[PDB]
């Protein structure tokens, strides 16, 4: 259950995933992976990954809005530290 570093590049549509959580002690979790999008084709992101950071910005205790912002401001090369945490998701 080690965390992993994933580097994805943004596409017209975006990074290709959605997130949930950010509240009540729940972290930011990947809820949806868009087929064929960058998150999908990383081969390293899954539904149920907790996003621990984005370009080094800690999102462990971040609100959903904070996390969305971080993903948008991360630019064209997005480095995600994710940890697969299905029990919690």
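Determine, for 40, 58, 24, 49, the number of other Cβ atoms within 10 Å of each Cβ, and report the residues in order from fewest to most.
Ascending Cβ contact count within 10 Å gives the list 24, 58, 40, 49.
Could you state the orientation-averaged shadow area of the convex hull built on the Cα atoms of the chain, in nm² to one decimal?
In nm², the orientation-averaged hull projection of the chain is 5.0.
I need to check one value: relative contact order of the chain, counting alpha carbon pairs closer than 8 Å and at least 6 residues apart, in percent.
Relative contact order of the chain: 37 percent.
Taking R0 as 25 Å, what's the FRET efficiency between residue 1 and residue 77 from their Cβ-Cβ distance, rounded to 0.05?
The calculated FRET efficiency here is 0.45.
Taking only Cα atoms, what is the 0 to 90° angle, nearest 10, from helix 64-73's long axis to the longest principal axis of the chain?
Once rounded, the angle reads 30 degrees.
May I ask you to compute the full-extension gain from residue 47 to residue 20, defined as 0.36 nm times their residue separation minus their alpha-carbon distance, rounded to one decimal in nm?
Full-extension gain reported as 8.7 nm.
Can you give me the distance in nm between label points at residue 87 and residue 9, each placed 7 Å from the Cα along the Cα-to-Cβ direction?
3.8
What share of Cα pairs, in percent, lie more than 15 angstrom apart in region 1-52?
For region 1-52, the share of Cα pairs beyond 15 Å comes to 45 percent.
Each reported figure results from applying straightforward, stated rules to the coordinates on display, with no laboratory input. FYI the Cβ positions are ideal-geometry reconstructions off the backbone, even for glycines, and counts take in every protein chain you see.
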